[PDB]
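First comes one chain, alone, set out as structure tokens in the form deposited in one PDB entry.
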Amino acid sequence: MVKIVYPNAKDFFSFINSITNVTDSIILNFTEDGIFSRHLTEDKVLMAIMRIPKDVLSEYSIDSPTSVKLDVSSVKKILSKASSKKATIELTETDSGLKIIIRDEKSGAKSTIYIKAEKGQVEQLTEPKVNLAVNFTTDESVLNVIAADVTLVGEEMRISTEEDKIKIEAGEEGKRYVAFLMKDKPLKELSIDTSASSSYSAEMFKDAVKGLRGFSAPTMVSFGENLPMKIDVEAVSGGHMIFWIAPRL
């Protein structure tokens, strides 16, 4: 038996949907610690990590750890409409692959989706070992405003520290963009260890933050001097959605 039950189908689908902004071929890893999925874009610039620990899970049964290789290109439409905040989500291994079971408490509907899937050896979860000197907390809505602003103006986003302020720049010709984020305007939290500055792909930042729209919890963003950007959110129902963005240069 490989079997997990997550308390909130809507939160769970937000994870699946985030990972989908990178690929439609998802690999779910059922480990001794819970479930995770990690995928990179073709250029290796954007990394998406879904990490759901077994303690936030309402049911858990993983006799032998496995990876499961799924194309969700066609089933994600169903998952999208069937996932209600009032529904629970079950993922169970079958001989042919996986079965997703959604139990709607409101409509009393039980939606079962069978997916063919290859089984593999469970891969490992490693994140970069870096010290990111700069920290701030905001919400999804702020990050999505910024993303839409920068992508309109250019293809590169420069983020830097300017004395108790985070500065964001874009545009590489006539049209420019500048934004300033500070404590309480709108930052929930801000920690500037040492002056730091970095540049990232605007498209990649937009794809990273576009997934966070399903999460209302505080979002943490960390970066360093010519280092990756980490974007981290904890779902209300448990688990983390994490994005790493490789720096330019």
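Rigid core here is just the name for the largest C-alpha set that superposes within 1.5 Å across the two forms. Shifts are known only where both forms have a C-alpha. In case it trips you up, residue 1 is the first one in the sequence shown, and so on.
Unshown form deposited in another entry; subsequent notes refer to it.
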item: Flagged residue of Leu125, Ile168, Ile78, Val142 - C-alpha shift reaching 2 Å or more between the shown form and the other one, core superposed; value: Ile78
item: Core-superposed comparison between the shown form and the other one, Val178 Cα displacement 2 Å or beyond; value: no
item: Core superposition between the shown form and the other one, C-alpha change of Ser96 at least 2 Å; value: no
item: Comparison of CA distance in that other deposited form with shown form for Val75, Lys44, at least 3 Å; value: closer
item: Direction of Cα pair change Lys116-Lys77 in that other deposited form, magnitude 3 angstroms or more; value: closer
item: Regions of at least 3 residues displaced between the shown form and the other one by 2 angstroms or more (CA, core superposed); value: 72-85, 107-109
